[PDB]
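Below are the chains, spelled out letter by letter.
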Amino acid sequence: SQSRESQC
Amino acid sequence: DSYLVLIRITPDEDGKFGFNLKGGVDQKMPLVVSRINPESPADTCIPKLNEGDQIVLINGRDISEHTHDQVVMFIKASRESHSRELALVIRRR
Ligand SMILES: [Br-]
């Protein structure tokens, strides 16, 4: 996927 | 115009800074803050991080040509540090 969202 | 803000964040007890990121050179979308978790370290430092902030530098590193997964690792790496502090230079509209 080119719409990744990651929690930091 | 747009402007740059330097933001310094120390992670919480779980090692989390309290923000989400989207983008990266593999995502064909600039690296950008997509969430600020209310009352997290990223929300309570001064100056604070804002949703929509464009990430320019991570601990001095220009990340314009790095992948999503790379920059997540760079952020996690700042916890294993001198001051445990993450320094984000961001661009704000
Ligand atoms: Br502020």
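Method-wise, the PDB entry is recorded as coming from X-ray crystallography, at a reported resolution of 1.86 Å.

### Looking at unusual backbone geometry
Residues and elements named next belong to chain B. The omega angle of the peptide bond from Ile46 to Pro47 is -5 degrees, so this bond is cis rather than trans. Inspection of the secondary structure puts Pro47 in the loop between α1 (41–44) and β4 (54–58). Phi is positive for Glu39, which is not a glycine, with a value near 70 degrees. Relative to the assigned elements, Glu39 resides in the loop between β3 (29–36) and α1. The backbone of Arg84 shows a phi angle near 60 degrees, a positive value even though the residue is not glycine.

What counts and what doesn't
Residues numbered from 1 in each chain as written, not as in the entry; some residues may be left out. Chains lettered and ligands numbered in written order. Heavy atoms only, no water. Helix = DSSP H or I, 4+ residues; strand = E, 2+ residues; numbered from the N terminus.

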